[PDB]
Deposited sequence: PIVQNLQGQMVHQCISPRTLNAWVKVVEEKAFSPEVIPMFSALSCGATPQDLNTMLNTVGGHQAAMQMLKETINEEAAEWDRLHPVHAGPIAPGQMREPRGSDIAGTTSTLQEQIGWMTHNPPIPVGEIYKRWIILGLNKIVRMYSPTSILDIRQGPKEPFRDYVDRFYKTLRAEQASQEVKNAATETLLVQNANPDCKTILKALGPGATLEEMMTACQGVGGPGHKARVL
């Protein structure tokens, strides 16, 4: 990634073995759960487009999702070229050429060019633009691999209300208020209807404790 060192300058440093291993392990253990996306954004802090492709390439398996990640990046890269056409001409000394979509994705750009774009003044955050494309495609993967719909998360007759709300918002996070009340069991729904329409979650959970 690009990290500010002891001085104020932004400089490139190699991706650490801990970062490489942490990203590989979180995909092996949690696949494409919703919490894998913010873990990816944190492990790729300040990452160059080369570092982003490194993390995505180290993932063995799940190639159906990774191929869908290819098509999404290609769609976003094509829209970038539609909105930012590169103007031909010799690049002035001390300046950088305009990045294309494939340049932001690290396909037609070198590490030196990515360092120049990200450390420019003003900078061209090609790493954050690429990560924004990857996270978008990763969110489409999480929604596609979401197994349960929010309409099928109903509280059991003996299920504690806390455990049911855990399953409700867990499914809601993968799929990306009153339905929570409607899907409760008859005993708790009677309690929640007498509580008022403007109750908080900690008020609803406290009312249906057992």
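Mapping the modelled residues onto the deposited sequence reveals missing stretches at 177 to 186, 221 to 231.
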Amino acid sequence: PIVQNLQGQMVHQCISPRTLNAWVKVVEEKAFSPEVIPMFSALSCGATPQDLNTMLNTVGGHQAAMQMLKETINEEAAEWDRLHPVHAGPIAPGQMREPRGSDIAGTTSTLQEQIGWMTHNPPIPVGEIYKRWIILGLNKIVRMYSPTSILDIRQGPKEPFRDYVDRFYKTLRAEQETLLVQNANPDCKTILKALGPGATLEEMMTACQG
From here on, numbers count along this sequence of modelled residues.
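Averaged over their C-alpha atoms, the temperature factors of 131 to 139 and 84 to 92 are higher for 84 to 92. The PDB entry reports B-factors from which the mean C-alpha value can be compared for 116 to 124 and 99 to 107; the larger average falls on 116 to 124. Residue-level inspection of the entry shows that, of 70, 173, 162, 158, 158 has the top Cα B-factor. Looking at the C-alpha B-factors along this chain, the one for residue 193 belongs to the highest third. Ranked by C-alpha B-factor against the other modelled residues of its chain, residue 185 falls in the middle third. When the CA B factors of the chain's modelled residues are split into thirds, the value for residue 46 lands in the middle one. When the modelled residues of the chain are ordered by C-alpha B-factor, residue 9 sits in the highest third. Residue-level temperature factors show residue 147 in the highest third of its chain, judged at the C-alpha atom.
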